Number of protein chains: 4
Amino acid sequence: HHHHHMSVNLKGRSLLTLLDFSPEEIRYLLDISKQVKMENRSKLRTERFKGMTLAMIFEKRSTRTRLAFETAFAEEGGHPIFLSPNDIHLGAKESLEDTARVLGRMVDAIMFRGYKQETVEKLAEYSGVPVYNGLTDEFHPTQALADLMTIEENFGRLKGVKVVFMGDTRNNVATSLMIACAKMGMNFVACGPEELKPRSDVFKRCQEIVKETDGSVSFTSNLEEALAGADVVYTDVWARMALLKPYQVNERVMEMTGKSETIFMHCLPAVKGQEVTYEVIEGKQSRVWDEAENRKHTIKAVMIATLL
Amino acid sequence: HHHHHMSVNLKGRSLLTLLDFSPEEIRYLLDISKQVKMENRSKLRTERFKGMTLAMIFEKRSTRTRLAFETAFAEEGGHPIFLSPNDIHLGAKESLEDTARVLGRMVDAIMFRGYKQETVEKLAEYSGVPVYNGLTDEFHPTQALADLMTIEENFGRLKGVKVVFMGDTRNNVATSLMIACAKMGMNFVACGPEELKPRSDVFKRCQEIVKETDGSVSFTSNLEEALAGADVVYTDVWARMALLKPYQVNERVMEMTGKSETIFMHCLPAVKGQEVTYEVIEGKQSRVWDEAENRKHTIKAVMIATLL
Amino acid sequence: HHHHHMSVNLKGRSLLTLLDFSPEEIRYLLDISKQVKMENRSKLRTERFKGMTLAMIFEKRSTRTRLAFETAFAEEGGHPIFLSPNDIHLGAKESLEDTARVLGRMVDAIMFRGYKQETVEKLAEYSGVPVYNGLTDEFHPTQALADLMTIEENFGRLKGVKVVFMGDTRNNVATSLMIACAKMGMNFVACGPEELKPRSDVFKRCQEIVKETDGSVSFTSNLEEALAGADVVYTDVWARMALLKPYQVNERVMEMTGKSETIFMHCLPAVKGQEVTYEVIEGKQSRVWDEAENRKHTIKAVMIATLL
Amino acid sequence: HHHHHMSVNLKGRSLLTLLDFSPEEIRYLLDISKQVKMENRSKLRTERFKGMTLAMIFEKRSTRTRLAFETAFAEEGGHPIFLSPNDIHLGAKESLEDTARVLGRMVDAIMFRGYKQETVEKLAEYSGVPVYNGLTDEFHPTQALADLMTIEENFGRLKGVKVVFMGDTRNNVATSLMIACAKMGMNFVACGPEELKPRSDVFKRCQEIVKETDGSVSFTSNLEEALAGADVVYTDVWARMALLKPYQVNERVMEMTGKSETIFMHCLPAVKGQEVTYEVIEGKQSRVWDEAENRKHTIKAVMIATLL
């Protein structure tokens, strides 16, 4: 940038999207994730969040995201507070701004999962504490960090690696994955129907990302050219079905890589038989379970980086 | 057994039913329960589960079982996570196996309360961490341990003691009680209508238990012969009513013992006026409140034995 | 497996052979090993086994296995108890079952090194605590884990890697190495005289392992075809000598790799001049000393995984 | 005693024989034993002996006595030092007095197992630290405390209880058992051949004990009159065989009690088929395994009482 910005410190920051993070900040997050995974497996117990509190607002319920936040925080002595759709209707009894100002005076950090990205922004703005996007219909940044972690565990590197996302290429998970890949110098291909091609404003921002990172970002509706030499095949649920049906990840599709080392990934939950076959997700190339475990380690890292 | 098996260590084990436990293992559990009750009453505070997490899946809600697990775990510094029927529909969005594999990578232990015994088995199988049956429509092992603890507190022994269960003699609570009694060398009588006689496969397994333990297990529809010399009269809720109506525990029934030292027990909740009268459950032979307190101490013991 | 089993938790488990462990469980063990090596080198001291006790029964004495168990346990505050052949003759004054039942009531864990695999099984069965095979004349699982750790340290991966074992290809160390390789997707070749070819029941079980892991397992009496492209050449002591003499690892043999990056490994002790020359084991391709250090880190990991 | 002595404090005392202890001191020891058993089973970890050292001199090796001392001391943070017959020949290179004076300047406590009672006395005299008799050919006081503990666990009392020792009624274990029983107000009968009747000086001292304790001590060669109403049948190894053969504990003998509640006890090891049949020791009246576990809890109690 004439003087390139290279700081890694994230104390006080929110995680609304990976677009707000430098490659150096994401690498730092991935170092922490890897280190916290090792401490967890080795049963080195720590109390990094002792005395702290996290309000978790779920406009849409998710057991995986809840479990990841809740175990990450509480293993370190923090107290997580589960606010369900029955507890909290954010537009309903009170303005979002009223609720955010109160939360800001009561807790150390807020996690939000729901619909509007605007909701998470105003939480951050009006609470004045770190806010974590645990999924909006625009972005799922914590999933992308876990996916990166998983891929790096498998190939020992990220900068080379070719990742193909199959199907609904504009959904929250596909979007965050594209960004994460671009930031880490990866070769990302979006493969699905033209009706569901990547968001174009995000795609163009990723084309600027990769000019500095030597990654690539691409789209095609053609399976054959997308998949050749893929190190990772990734997919997510479909919910027309008729446009998406051809982009099912099955054995045939995996073989189109030309590489036996290819892995299969899926944020979960999956509708087995639809976007991926039983045989693939339950078989030897699947890394969905490590990927799931890595949700927790990445979330813990985000909280460590931003609260301490 | 030619060489009799006598080990007591339970580290890593699940509690799906007391059928999976030796008398020596159950005695060890009851020693821990008694010791943890004394530490709790004396306000000797410990942190045995510091840093650990327990996922509690309630397919059917219960405040007593929830309170017992949740206080037991958290008094020792563990973090319990309440997953309600609104949080989690186990067949619904995901296979049980998908959910169990994820849980296995995130928490130290799982508690389940629900319908199918098969559900708890597959949790254990696919998670690979200790799973605790907090009631299925087959067994309620934690209730039986609390009942044993209570009876021993009252008579200072178990091996002699005559226990009569009145009414629905094949329900989850009656079944687990019969097993617990058989294991501890007790004289258990099941008393209710023939339509609701003990499960026969469990009854026969208890007849083998008692050959080694010098206990007895029996059934009769005749009140008079069941009750003579009972040290414990036990009952549970009824939900035909018409077959069960005669087996109400009232003052008349308690007097059929011929012993003033007889106690009354009831896993709770009770429908007072139906299976037991107000006068009995609220009167001087009732031990239902100690029995309730002992839910917590027994659950803590199971968790101590299996996690540490 | 229709639903693939993927849990990593090992609490309460014994280590009798790596045949009892999934690739995912072994990967988890190797993560812990690597992490405990780093804590040890960095002088981050922990007390993971404070208050615990380990009985070590040596039917055959070994200073390396003793040192590894004893330092691993005691660095973490555990107390190891050395029972020598002079202390303990397991068939002699008492049945093995009598001794195991007593041990089970006194210690947290048992290590056994001796002759019969059956001995270690009955220890596990009758004590009811975790038992660790520190070598039987069938398997040496702790050595294999240390070998894996060493190989991964050297090549940064395991799934590709070609390992050749030279000589007595059916001994305890060769057998456990073959299994470990098969589990981790490695290309293992057994090279020695046909009289000493791999155990056939274990070989066939490894052929099933590798169908899921994309490894390979093989035998040949021909040196030239075994060694081409080996990343690891491994050997062990010979105690006819006359069948084994040709399979000495010397400079000529190492050069048959065609790769300068090839390493040499040997569980120790070695009879230098016999199965390996001085020049090789003392020279620049030898990794025997790191491999020896890794005995301790792998043993600590097994104990962490199974006791905590 | 005109003023009856009733103190319980044992700080600094040795355990050479239970003859040196009042009933009140033994009751205090049994309270501690019971309490330390509960802390151990509940995994309440303490460090009562942190920084302390215990020299264990085994003139005769015993794995049970070694394990009990060594686990008891080290669970509490003490360091036990195993001196075997190969380490130490007490008459041989040095007078016993030279060795005792040195030990006295180096360790906190000495355990001795061997031949002469005089040896343990001079250890105590010349070291000036607490000395524990872990068996001499005169007394085995730690075994007797464990036996008492076991009996009390089974009957909830000691003062009533009828204990029959069968066979070699003058050996170390029989002698210490008689004393323990006399002290605790128990009804002890020695049953074996007249050639092996109780030591007469110890028998007479026990007749004085029981005048204050309301116990009884007796001998007969007649099985039938010994056994009627026995709550405990106890035996030990025989090494003429021909005098002892009739006093084998078998099923016939156990039935001569006339009580189903009778338990079987044996300090171990046993020669099954000789002094006791397989069927009895492996069957439902055997309490040998609890008795073995109680060695550790009683030893810990002796060390707590005398060192702290």
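1. Section: the overall build of chain A
- The secondary structure content of chain A amounts to 12 helices and nine strands.
- For a compact globule of 308 residues, the expected C-alpha radius of gyration is about 19 Å, and chain A comes in at 19 Å, within 12% of that figure.
- Judged by the C-alpha coordinates and their principal axes, chain A covers about 55 × 45 × 40 Å.

2. Observations concerning the interface of chain D and chain B
- On the side of chain B, 18 residues touch chain D, which itself brings nine residues to the contact.
- Per element, the largest residue contribution to the side of chain D that touches chain B is three residues, and it comes from helix α1 (residues 23-41) of chain D.
- Residues that form the side of chain D that touches chain B fall into these classes: three nonpolar, two polar and four charged.

3. Structural notes on the pattern of salt bridges
- In this structure the tally under the stated criterion is 96 salt bridges over all chains.
- B:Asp201 is the salt-bridge partner of B:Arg199, the closest N and O atoms lying 3.0 Å from each other.
- Across the pair C:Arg27 and C:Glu152 runs a salt bridge whose closest N-O atoms are separated by 3.0 Å. With C:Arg27 in helix α1 (residues 23-41) and C:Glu152 in helix α5 (residues 141-155), this pair connects stretches of sequence that are 125 residues apart.

4. With respect to the packing of α1(C) against α5(C)
Residues and elements named next belong to chain C.
- At a closest axis distance of 10 Å, the pairing of α1 and α5 adopts a crossing angle of 70 degrees. The orientation of α1 with respect to α5, classified from their angle, is roughly perpendicular. As for the relative orientation of α1 and α5, their crossing is right-handed in sense. For the pair formed by α1 and α5, the contact residues are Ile26, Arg27, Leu29, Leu30, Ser33, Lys34 and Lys37 on the first element and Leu145, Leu148, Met149, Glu152 and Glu153 on the second.

5. Looking at the pairing of strand β5 (residues 162-166) of chain C
Residue and element names in this part refer to chain C.
- Judged by how many residues are buried, β5 sits mostly within the fold: five of five residues are covered.
- Residues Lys162, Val164 and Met166 line one face of β5 and the alternating positions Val163 and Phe165 line the opposite face, and both faces are buried.
- Alignment of β5 against strand β6 (residues 187-191), held across five bridges, turns out to be parallel. For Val163, the partnering residue across the bridge sits in β6 and is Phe188.
- The parallel pair β5 and β6 is bridged by helix α6 (residues 172-183), and the resulting crossover is right-handed.
- Inspection of the sheet shows β5 paired to strand β8 (residues 232-235) by four bridges, in the parallel sense.

6. Some thoughts on the relation of the copies chain D and chain B
- Screw-axis analysis of chain D against chain B gives a translation of 0.0 Å along the axis, an RMSD of 0.0 Å, and a rotation angle of 120 degrees. Seen this way, the second copy is the image of the first under a three-fold rotation axis. Identified as the residue of chain D closest to the rotation axis by C-alpha distance is D:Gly156, at 4.5 Å.

7. Some points on the relation of the copies chain A and chain B
- Overlay of chain A on chain B (RMSD 0.0 Å): rotation 120 degrees, translation along the axis 0.0 Å.
- A share of only 12% of interface residues in chain A that are also interface residues in chain B marks the association as one of differing surfaces.

8. Points about the environment of A:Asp231
Residue and element names in this part refer to chain A.
- Note on placement: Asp231 falls in the loop between α8 (223-227) and β8 (232-235).
- Since its relative accessible area comes to 6%, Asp231 is described here as buried.
- Note: C-alpha distance between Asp231 and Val202 (29 residues apart in sequence) is 23 Å.
- Ignoring any residue separated from it by four or fewer positions in sequence, one finds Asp231 in contact with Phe155, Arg157, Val161, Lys162, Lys259, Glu261, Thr262 and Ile263.

9. With respect to the sheet that holds strand β9 (residues 263-266) of chain A
All names here are of chain A.
- Judged by pairing direction, the sheet is parallel, and its five strands sit side by side in the order β7-β6-β5-β8-β9 without closing on themselves. Every interior strand has two partners, whereas the edge strands, β7 (216-220) and β9, have only one. Pairs of neighbouring strands in the sheet enclose a mean axial angle of 20 degrees, with direction left out of account.
- Taken strand by strand, helix α5 (residues 141-155) contacts β5 (162-166), β8 and β9, and its axis lies near 165 degrees from that of β9.
- The sheet contacts of helix α12 (residues 288-307) involve β8 and β9, and relative to β9 the element is tilted by about 45 degrees.

10. Side note on the packing of aromatic side chains
- Applying the stated rule across the entire model yields 16 aromatic pairs over all chains.
- Ring geometry for B:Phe69 against B:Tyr132: centres 6.1 Å apart, planes inclined by 25 degrees, an arrangement best described as stacked. Note that B:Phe69 is positioned in helix α2 (residues 63-75) and B:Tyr132 in strand β4 (residues 131-133), a separation of 63 residues in sequence. Accessibility classification places B:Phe69 together with B:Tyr132 in one group, the buried group.
- Over the aromatic face of D:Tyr115 sits the side chain of D:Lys60, whose NZ or CZ is 4.4 Å from the ring centroid.
- Lying over the aromatic face of D:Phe82, D:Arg66 brings its terminal NZ or CZ to 3.8 Å of the ring centre.

11. Things to note about the interface of chain A and chain B
- Facing 26 residues of chain A, the contacting portion of chain B comprises 22 residues.
- Buried surface at the junction of chain A and chain B, both sides included, amounts to about 2200 Å², of which 54% is carbon and sulfur.
- Among the residues chain A hides against chain B, the three largest losses belong to A:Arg45, A:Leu67 and A:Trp289. Together they make up 26% of the total.
- For the pair chain A and chain B, the interface holds eight salt bridges.
- For the side of chain A that touches chain B, the elements supplying multiple residues, two or more each, are α2 (63-75), β2 (79-83) and α12 of chain A.
- No other element matches α2(A), which puts nine residues into the side of chain A that touches chain B.
- In terms of residue class, the side of chain A that touches chain B is built from nine nonpolar, three polar and 14 charged.

12. Comments concerning helix α12 (residues 288-307) of chain B
Residues and elements named next belong to chain B.
- For α12, spanning 20 residues, the distance from its first C-alpha to its last is 29 Å, which sits close to the expected 28 Å at 1.5 Å a residue.
- Taking the largest bend as the criterion, α12 deviates by roughly 25 degrees, centred on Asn294.
- Taken across its 20 residues, α12 has 16 buried, putting it largely inside the fold.

13. Notes on unusual backbone geometry
- The omega torsion of the bond from C:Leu268 to C:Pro269 falls at -10 degrees, within 30 degrees of zero and hence cis.
- Backbone geometry places A:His2, a non-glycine residue, at a positive phi of 75 degrees.
- Its place among the elements puts A:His2 in the segment before α1 (23-41).
- What makes A:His2 exposed here is its relative accessible area of 76%.
- With a phi angle near 60 degrees, B:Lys43 is a residue other than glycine that sits in the positive phi range.
- What makes B:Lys43 exposed here is its relative accessible area of 58%.

14. Comments concerning the sheet that holds strand β6 (residues 187-191) of chain D
Residue and element names in this part refer to chain D.
- Across the sheet, which stays open at both edges, the five strands sit in the order β7-β6-β5-β8-β9 with parallel pairing between neighbours. Of all the strands in the sheet, the pair left with one neighbour each is β7 (216-220) and β9 (263-266). Between one strand axis and the next, the sheet turns through 20 degrees on average, direction left out of account.
- The sheet strands contacting helix α6 (residues 172-183) are β5 (162-166), β6, β7 and β8 (232-235), and the helix crosses β5 at an angle near 170 degrees.

15. A look at the side chain of C:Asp147
Residues and elements named next belong to chain C.
- Topologically, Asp147 is positioned in helix α5.
- Although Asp147 is buried, it forms no salt bridge, and the closest oppositely charged side chain is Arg295 at an N-O distance of 6.9 Å.
- Setting aside residues no more than four positions away along its own chain, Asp147 makes contact with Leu177, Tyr234, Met265 and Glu291.

16. Here's the deal with the domain arrangement of chain A
Residues and elements named next belong to chain A.
- Under the domain assignment used here, chain A contains domain 1 (1-139 + 287-308) and domain 2 (140-286).
- The C-alpha centroid of domain 2 is placed 24 Å from the C-alpha centroid of domain 1.
- Taken together, the contact pairs 37 residues of domain 1 with 38 residues of domain 2.
- Of all the secondary structure elements, the ones that give two or more residues to the side of domain 1 that touches domain 2 are α1, α2 and α12.
- Ranked by the residues each element gives to the side of domain 1 that touches domain 2, the list is headed by α12, at 10 residues.
- For the side of domain 1 that touches domain 2, the residue count by class is 16 nonpolar, 10 polar and 11 charged.

17. A look at the environment of C:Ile88
Residue and element names in this part refer to chain C.
- Counting through the fold element by element, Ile88 comes out in the loop between β2 (79-83) and α3 (96-106).
- Relative accessible area serves as the criterion here: at 12%, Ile88 is assigned to the buried category.
- Put simply, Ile88 and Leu103 are 15 residues apart on the chain and 13 Å apart in space, counted from C-alpha to C-alpha.
- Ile88 has contacts with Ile57 and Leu83, leaving out every residue within four places of it along the chain.

The rules behind each value
Residues numbered from 1 in each chain as written, not as in the entry; some residues may be left out. Chains lettered and ligands numbered in written order. Part of a larger assembly, values for the part shown. Heavy atoms only, no water. Residues with missing side-chain atoms left out of burial classes, pairs and counts. Helix = DSSP H or I, 4+ residues; strand = E, 2+ residues; numbered from the N terminus. Rg over C-alpha atoms; globule rule 2.2 N^0.38 Å. Contact = heavy atoms within 4.5 Å. Nonpolar A, V, L, I, M, F, W, Y, C, P; charged D, E, K, R; others polar. Salt bridge = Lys/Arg side-chain N within 4 Å of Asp/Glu carboxyl O. Axes fitted to C-alpha atoms, helices over the stretch in contact; angles between N-to-C directions. Parallel < 35°, antiparallel > 145°, perpendicular 65-115°, else oblique. Left-handed = near helix turned anticlockwise from the far one by under 90°. Buried < 20%, exposed > 50% of the residue type's maximum accessible area, 1.4 Å probe, protein only. Pairing = 2+ DSSP bridges. Right-handed = clockwise from strand over helix to strand, strands pointing away. Least-squares fit on C-alpha atoms. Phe/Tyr/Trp six-rings, centres within 6.5 Å; stacked < 30°, edge-to-face > 60°. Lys NZ or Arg CZ within 6 Å of the ring centre and 35° of its normal. Buried area = accessible area lost by both parts, 1.4 Å probe. Expected span 1.5 Å × (residues − 1). Bend = angle between axes of the 7 residues up to and from the residue. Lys, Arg positive; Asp, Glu negative; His and termini not counted. Domains from an automatic or database assignment.

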